[PDB]
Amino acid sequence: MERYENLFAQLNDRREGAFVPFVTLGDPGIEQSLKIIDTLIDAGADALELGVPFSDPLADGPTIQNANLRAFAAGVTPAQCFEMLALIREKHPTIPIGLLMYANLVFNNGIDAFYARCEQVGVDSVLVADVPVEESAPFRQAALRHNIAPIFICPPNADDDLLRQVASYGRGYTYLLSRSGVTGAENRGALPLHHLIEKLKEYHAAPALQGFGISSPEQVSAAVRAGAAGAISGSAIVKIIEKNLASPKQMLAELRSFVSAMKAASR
């Protein structure tokens, strides 16, 4: 979790927000995914959010559903994703790496063993999309035992009790959901989140990253101006992968241009 603490301190000193891309590990294949991730970092990503392909990602809309499918078509398994994570960490010693998991993949061979594997490869946080705070106990306990930040969601419909819980239990960053629904660049958030950002700060929550529907530089700026510590963008990044499958070269050039613009908006 300390990689986040270090990042946010550096960003704060630089009066900067974080820009954090999401991609699915192994989409569209292992080699190309590794190059994709290198490009995201070189282009200015402050941290990564990395999905492990899952059969049934119920918080994800079509774009990221299709990313999961492409990874599966390439034969990608969680074991191979762990191999990939080791390679990423070996190249990039300081960048915070967060996994986007579904509960079954964490529970499957033992919750404790899962977080142990995360610690051994050098992952910094885990967000389990279909585990609400109410079911979080064995997950967050295992995470903290292995020096992994458990990432909690603060939804737009959060009450005070939830804000206090998230603030107390979470580490690394707090995930500030833009809106209801599932992942996707097509649906942009509607309701200002200023009040929630302020309360999280009052309760000493981990710094907030806004995510869901973030697809443009303007929205990155807006997240930061509203007081969030940065923003996450997934579907918008993945769409670039989708649209350029037949030109890996043009794929990387467009990812570089987009991330660089998205990062510039955080400054």
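Throughout, rigid core stands for the largest set of C-alpha atoms superposing within 1.5 Å between the two forms. Numbers follow the displayed sequence, beginning with 1.
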property	result
Greatest C-alpha divergence in 8 other deposited structures of this protein once each structure is fitted on the rigid core, 29-37 or 58-66	58-66
In 8 other deposited structures of this protein, rigid core aligned: more displaced of 231-239 and 44-52 by C-alpha RMS	231-239
Coordinates lacking for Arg188, a third or more of other entries	yes
Absent coordinates for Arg171 in a third or more of other compared entries	no
Entry-level comparison of average CA B-factors, 8-16 and 21-29, reporting the higher stretch	8-16
Stretch with the higher entry mean CA B-factor, where the candidates are 190-198 and 83-91	190-198
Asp160 - Cα temperature factor, lowest/middle/highest third of chain	highest
Ranked C-alpha temperature factor of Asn68 among modelled chain residues, by third	lowest
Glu242 - which third its CA temperature factor falls in, relative to the rest of the chain	highest
Modelled-residue ranking by C-alpha temperature factor, third containing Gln210	middle
Lowest, middle or highest third - CA B-factor, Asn147	middle
